[PDB]
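Each chain, letter by letter, is given below.
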Amino acid sequence: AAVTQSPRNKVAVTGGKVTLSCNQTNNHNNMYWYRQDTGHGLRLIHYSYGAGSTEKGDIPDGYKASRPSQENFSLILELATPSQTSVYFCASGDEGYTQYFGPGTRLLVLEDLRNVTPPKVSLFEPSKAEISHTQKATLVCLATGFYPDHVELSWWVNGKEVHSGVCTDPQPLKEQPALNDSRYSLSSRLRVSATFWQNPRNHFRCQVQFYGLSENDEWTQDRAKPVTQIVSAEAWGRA
Amino acid sequence: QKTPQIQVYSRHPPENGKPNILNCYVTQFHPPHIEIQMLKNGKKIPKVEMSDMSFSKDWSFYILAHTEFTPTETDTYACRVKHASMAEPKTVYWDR
Amino acid sequence: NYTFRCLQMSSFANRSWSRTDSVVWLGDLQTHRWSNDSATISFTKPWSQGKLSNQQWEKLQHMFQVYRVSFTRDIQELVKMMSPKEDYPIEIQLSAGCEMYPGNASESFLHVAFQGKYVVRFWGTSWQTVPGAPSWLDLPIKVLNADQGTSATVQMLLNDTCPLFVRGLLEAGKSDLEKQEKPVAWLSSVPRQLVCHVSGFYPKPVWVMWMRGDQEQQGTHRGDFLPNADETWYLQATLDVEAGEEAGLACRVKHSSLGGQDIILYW
Amino acid sequence: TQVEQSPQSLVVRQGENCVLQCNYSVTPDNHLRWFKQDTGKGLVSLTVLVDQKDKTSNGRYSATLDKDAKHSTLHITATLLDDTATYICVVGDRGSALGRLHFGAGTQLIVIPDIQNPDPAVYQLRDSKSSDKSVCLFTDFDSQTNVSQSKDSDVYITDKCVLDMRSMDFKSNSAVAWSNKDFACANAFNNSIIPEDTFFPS
Ligand SMILES: CCCCCCCCCCCCCCCCCCCCCCCCCC(=O)N[C@@H](CO[C@H]1O[C@H](COC(=O)Nc2ccc(Cl)cc2)[C@H](O)[C@H](O)[C@H]1O)[C@H](O)[C@H](O)CCCCCCCCCCCCCC
Ligand SMILES: *[C@@H]1O[C@H](CO[C@@H]2O[C@@H](C)[C@@H](O)[C@@H](O)[C@@H]2O)[C@@H](O[C@@H]2O[C@H](CO)[C@@H](O)[C@H](O)[C@H]2NC(C)=O)[C@H](O)[C@H]1NC(C)=O
Ligand SMILES: *[C@@H]1O[C@H](CO)[C@@H](O)[C@H](O)[C@H]1NC(C)=O
Ligand SMILES: *[C@@H]1O[C@H](CO)[C@@H](O)[C@H](O)[C@H]1NC(C)=O
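Residues numbered from 1 in each chain as written, not as in the entry; some residues may be left out. Chains lettered and ligands numbered in written order. Heavy atoms only, no water. Residues with missing side-chain atoms left out of burial classes, pairs and counts.

- In its metadata, the entry names X-ray crystallography as the structure determination method and reports 3.00 Å as the resolution.

## Overview of the overall build of chain A
- Secondary structure summary: chain A contains two helices and 20 strands in total.
- In terms of overall dimensions, chain A has a C-alpha envelope of 65 × 45 × 35 Å along the principal axes.
- Intrachain contacts of chain A at a sequence separation of at least 6 include 62% that bridge at least 24 residues. (Helix = DSSP H or I, 4+ residues; strand = E, 2+ residues; numbered from the N terminus. Contact = heavy atoms within 4.5 Å.)

## Things to note about the domain arrangement of chain A
Residue and element names in this part refer to chain A.
- Domains assigned within chain A are domain 1 (1-111) and domain 2 (112-239).
- One C-alpha centre belongs to domain 1, the other to domain 2, and the line joining them spans 30 Å.
- Facing ten residues of domain 1, the contacting portion of domain 2 comprises ten residues.
- At the level of secondary structure, the elements contributing two or more residues to the side of domain 1 that touches domain 2 comprise β2 (9-13) and β11 (105-110).
- Considered class by class, the residues forming the side of domain 1 that touches domain 2 number six nonpolar, one polar and three charged. (Domains from an automatic or database assignment. Nonpolar A, V, L, I, M, F, W, Y, C, P; charged D, E, K, R; others polar.)

## Quick word on the interface of chain C and chain A
- With seven residues of chain C at the contact, the number on the chain A side is seven residues.
- Between chain C and chain A, a total of about 610 Å² is buried, with carbon and sulfur atoms accounting for 57% of that surface.
- In terms of surface lost to chain A, no three residues of chain C exceed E77, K80 and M81 of chain C, which account for 56% of the buried area on that side.
- In this assembly, chain C and chain A are joined by zero salt bridges. (Buried area = accessible area lost by both parts, 1.4 Å probe. Salt bridge = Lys/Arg side-chain N within 4 Å of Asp/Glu carboxyl O.)

## Considering the site of ligand 4
Residue and element names in this part refer to chain C.
- Neighbouring ligand 4 are the residues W17, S18, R19 and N36.
- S18 is positioned with one of its backbone polar atoms (N or O) 3.2 Å from a nitrogen atom of ligand 4.
- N36 is positioned such that a nitrogen or oxygen atom in its side chain is 2.4 Å from an oxygen atom of ligand 4.
- For ligand 4, whose free accessible area comes to 370 Å², the fraction covered by protein is 41%.
- Here the residues of the shell around ligand 4 sort into one nonpolar, two polar and one charged. (Near = heavy atom within 4 Å. Polar contact = N/O pair within 3.5 Å; in protein donor to acceptor, adjacent residues only side chain to side chain. Areas by Shrake-Rupley, 256 points an atom, 1.4 Å probe, with all protein chains shown as cover.)

## Some points on the interface of chain A and chain D
- Facing the 53 residues of chain A at the interface are 56 residues of chain D.
- The biggest single contributor to the side of chain A that touches chain D is strand β18 (residues 184-193) of chain A, with six residues.
- Partitioned by chemical class, the residues of the side of chain A that touches chain D number 20 nonpolar, 20 polar and 13 charged.
- For strand β12 (residues 120-125) of chain A and strand β12 (residues 121-127) of chain D, the ladder comprises two bridges, and the chain directions are antiparallel. Across the sheet, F124 of chain A pairs through a bridge with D127 of chain D, a residue of β12 of chain D. (Pairing = 2+ DSSP bridges.)

## Concerning the state of the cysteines
- In the structure shown here, the tally under the stated rule is eight disulfides over all chains.
- Bridging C22 of chain A to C90 of chain A, the disulfide has an S-S length of 2.0 Å. Disulfide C22 of chain A-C90 of chain A: the torsion about the S-S bond is -100°, which places it as left-handed. Taken as a pair, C22 of chain A in strand β3 (residues 18-24) and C90 of chain A in strand β9 (residues 86-93) lie far apart in primary sequence, 68 residues in all. Accessibility classification places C22 of chain A together with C90 of chain A in one group, the buried group.
- The disulfide partner of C167 of chain A is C161 of chain D, and the S-S distance across this bridge is 2.0 Å. Here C161 of chain D lies in strand β15 (residues 161-165) and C167 of chain A lies in strand β16 (residues 166-168), a pairing that spans two chains. Comparing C167 of chain A with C161 of chain D, the two get one shared label, buried.
- If the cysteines joined by disulfides in chain C are listed in sequence order, their pairing comes out as 1-2, 3-4.
- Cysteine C6 of chain C remains unbridged, with the sulfur of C162 of chain C as its closest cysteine sulfur at 6.2 Å. (Disulfide = S-S within 2.5 Å. Buried < 20%, exposed > 50% of the residue type's maximum accessible area, 1.4 Å probe, protein only.)

## Some remarks on the nonpolar core
- Of all hydrophobic cores here, the largest spans 42 residues; its most connected members are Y34 and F101 of chain A together with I92 and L110 of chain C.
- It is helix α1 (residues 54-82) of chain C that provides the largest number of residues to this core, a total of six residues. (Core = buried A, V, L, I, M, F, W, Y, C linked by side-chain atoms within 4.5 Å.)

## Topic: the pattern of salt bridges
- Evaluation of the coordinates by the stated rule reveals 30 salt bridges over all chains.
- Between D37 of chain A and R43 of chain A there is a salt bridge, and its shortest N-O distance comes to 3.0 Å.
- Taking relative accessible area as the criterion, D37 of chain A reaches 15% and is therefore assigned buried.
- Between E246 of chain C and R192 of chain C there is a salt bridge, and its shortest N-O distance comes to 3.9 Å. In this pair, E246 of chain C sits in the loop between β15 (233-240) and β16 (250-254) while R192 of chain C sits in the loop between β9 (184-190) and β10 (193-201), placing the two residues 54 residues apart along the sequence.
- With relative accessibility at 11%, the residue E246 of chain C sits in the buried group.

## Digging into the sheet that holds strand β7 (residues 64-66) of chain A
All names here are of chain A.
- Strand order in the open sheet formed by four strands is β1-β3-β8-β7, and the pairing between neighbours is antiparallel. Two strands close off the open sheet at either side, each with one partner strand: β1 (3-6) and β7. The average angle at which neighbouring strand axes cross in this sheet is 20°, direction not considered.
- Bridge count between β1 and β3: four bridges; the pairing is antiparallel. Its bridge partner being in β3, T4 is matched across the sheet by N23. (Axes fitted to C-alpha atoms, helices over the stretch in contact; angles between N-to-C directions.)

## Some points on the domain arrangement of chain C
Residue and element names in this part refer to chain C.
- Each domain of chain C was delimited in the assignment, giving domain 1 (1-178) and domain 2 (179-267).
- A separation of 38 Å is found between the C-alpha centroids of domain 1 and domain 2.
- Facing eight residues of domain 1, the contacting portion of domain 2 comprises five residues.
- A per-element tally of the side of domain 1 that touches domain 2 places helix α4 (residues 174-177) first, with three residues.
- Split into classes, the residues belonging to the side of domain 1 that touches domain 2 amount to two nonpolar, two polar and four charged.

## Considering unusual backbone geometry
- Across the junction of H30 of chain B and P31 of chain B, the peptide omega takes the value 5°, indicating a cis bond.
- Position of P31 of chain B relative to the elements: it lies in the loop between β2 (20-29) and β3 (35-40).
- Here the bond from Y88 of chain C into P89 of chain C is cis, since omega is -5°, no more than 30 degrees from zero.
- Note on placement: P89 of chain C falls in the loop between α1 and β5 (90-100).
- Located in the positive-phi region is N27 of chain A, a residue other than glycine, with phi close to 55°.
- Mapped onto the elements of the fold, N27 of chain A is located in the loop between β3 and β4 (30-36).
- Classification of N27 of chain A by relative accessible area gives exposed; the value is 61%.
- In this structure, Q135 of chain A is a non-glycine residue whose phi angle is positive, near 65°.
- Relative to the elements of secondary structure, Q135 of chain A occurs in the loop between α1 (128-134) and β13 (136-146).

## Quick look at the side chain of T238 of chain C
All names here are of chain C.
- Within the secondary structure layout, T238 lies in strand β15.
- Classification of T238 by relative accessible area gives buried; the value is 17%.
- Leave out the neighbours within four places in its chain, and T238 touches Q193, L194, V195, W210, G219, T220 and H221.

## Considering the arrangement of the chains
- Most contacts, among the four pairs of chains that meet, fall between chains A and D.
- Without any contact between them, chain A and chain B keep their closest C-alpha atoms 29 Å apart.
- At no point do chain B and chain D touch; the closest pair of C-alpha atoms across them sits 27 Å apart.

Right, dumping it as structure tokens:
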């Protein structure tokens, strides 16, 4: 019995309005919104027993729920605040006890968007030296120059995402650790059998989904408006 | 909503000058929130004991109040009851 | 044929404030008292604990302590579910226990009333509404029936614990239940209605009749049984007569305690 | 704070076992549930213990519950690399949708990968579009080796990370170094105690 959340990831500014939404197809009377903050368990914000009803949870302040239909439960932040930064979970259930949890939504609330920047994405090709020594080919992706740290790096081989022989940095590293509001870098690896790299009909792509502004955020600066976008980099197999 | 029945009667046979116990039996009321005073010559009586509330098979509530009293030719004793069912508080007087 | 009754009354004024009080009756004698204010169930009789060990009782009360808290939240969360259909004030009443019979036979009931009308019961292994109940109770019933943990507990409470516990009670409390207490009677009159006052007798069965010598006056009206504080009863019979007929009227009172010495009281 | 977990965090080597505690004061305690949560991911349920004294298992995971002691344990047998995650304890105070869940903060498990055949090397890699900018890759070292962030602030070194070629059953450690601006691969990791037999080719 599946449950979805949208957006999965959001960057927002203090004062702004944010809406988190939960679609649930299992015909469940009951729905719930939680927030997870490191060092605490999940905490209940609002819940609902059926279309039209919403209910205060344990930590309701700053939040307003909306249950228009049996399928949808929305959490509305009428005035976003740095402190509303969190991972947000949604769940549903029937009259039994089990709750079925959504995949979660990372919200970041910044005081100011002046620093948002999409990354540069370079792909680095396997070493001839490596290939001959290990019989394996390591590709390296490098996403740099971005802010904030809300990026999802993913690896694609012939239009399909691959997870095997992949590893991404768990934490983005700061480019100027001293200075504040510093931009970040991130690297990732894809190891393949050398014969797989040496295959010209194999298309390799590293893709970073960067989370930035919405086409509705006011932008005063001269540079291009750092919108939520996909920046990627690409190379074919070669013998 | 249901309106309460008040019944005032004494434990032992009424006899002037002789200490006795006066009972007030309030019954057949809903909701269970209720205010009961026993009254000598119009005035409230201090040490007035109450049984725990309970209800009959028919689901309606009842409670029993009682107090020491010495009946005289002169004094009048009464039970006044306030309940949401009633606009004005109901006073039933004692009669030997 | 004794009936053991755990009567619970709960009031919910608004979303926040609520209270729950309980009494326990064996036949017509109170055995327990549980005020909202108290954290523990009170014995109102030296033999209230029946024949359970200290450890069995403490475990039993701990189950109740938990129930009482849980019952409160659960109702409040049912109002939330049912709204705006239903709203405070809300008055719930429970009536639970068993009736004991010849041999080792019994029957257990658990009846729930809402706003003063009997609507729900435990029967067999599940909650069910009774005839007359509003259809909306079907959701609360469904939610309550989802909780297998409570079901099996309640089944154990009604099937085994009640009959067992009460049996223990009737042993330990034989001298009180079998108490004989003599009545006392006095005559009086009102504008003409004559009144035979019978007071202080136990147990409840009693015979009161106005009589001209031997002829039992067919016009005698018995009143209701009214309780005294000290766990004895009070009853009166009224005879309507025309003034000047009061001569040679008597009141005859029969009660087990008197041992065939009928109380005779002449006008 | 009615659900407490122990330890706060633990590091174990691949293949070893480990035990996680959960102690609570929730009342009543209808059921207890163990969640597994990968970094970034959400909550995967592992088991749900319901009885007064209950025991469960699910693959290499097993679990006990003692309701009297208000205590539960999650046993992982022969830890794998994929076990690296946070383990969340959850107590449910009702057997119906009328209940509330009470989440513990979690226990962080990290599992150290078992590299059988180390082969430490540092290769150079070319940008696909601009063959004049590049990166340096320190690979195939074992987990006894640790990587150290750069001397120069204008040079960057990522922390080590393990990858799994599942179809080959092959795990390898790797870290990446680079700089935008006279910086070379054999000089990239002076800052770390790297194996003395590391392969520097070309
Ligand atoms: C029945 C009397 C016979 C016993 C004789 C002893 C007499 C002792 C004198 C003291 C009596 C004074 C008290 C009078 C009260 C009236 C007695 C009737 C209550 C009987 C029902 C007890 C229920 C026990 C189970 C329980 O605690 N459940 C709660 C707690 O539930 C949790 O904990 C439970 C308790 O955990 C246990 O371990 N239980 C247990 C304990 C001991 C044993 Cl041996 C086995 C299990 C279970 O885990 C459950 O699965 C879990 O969900 C849960 O929240 C329930 O939902 C509570 C509501 C039940 C009543 C529903 C009435 C329906 C009303 C209609 C609604 C109208 C809608 C309006 C909008
Ligand atoms: C407990 O007894 C019930 C039936 O007993 C009646 O219901 C009780 C709650 C109480 O009111 C008693 O005085 C009554 O005598 C058993 O329920 C039966 O269960 C079977 C399947 O198990 C079902 O098919 C029957 O229809 C049920 N009977 C009725 C009348 O509904 C129940 O199994 C007993 N449970 C335990 C734990 O002892
Ligand atoms: C609820 O009702 C009680 C008594 O009727 C009252 O004193 C109290 O103020 C009320 N509380 C709320 C939150 O409405
Ligand atoms: C009854 O007791 C409960 C539990 O201790 C308490 O929270 C509640 O306020 C009490 N109600 C009243 C009216 O005293």
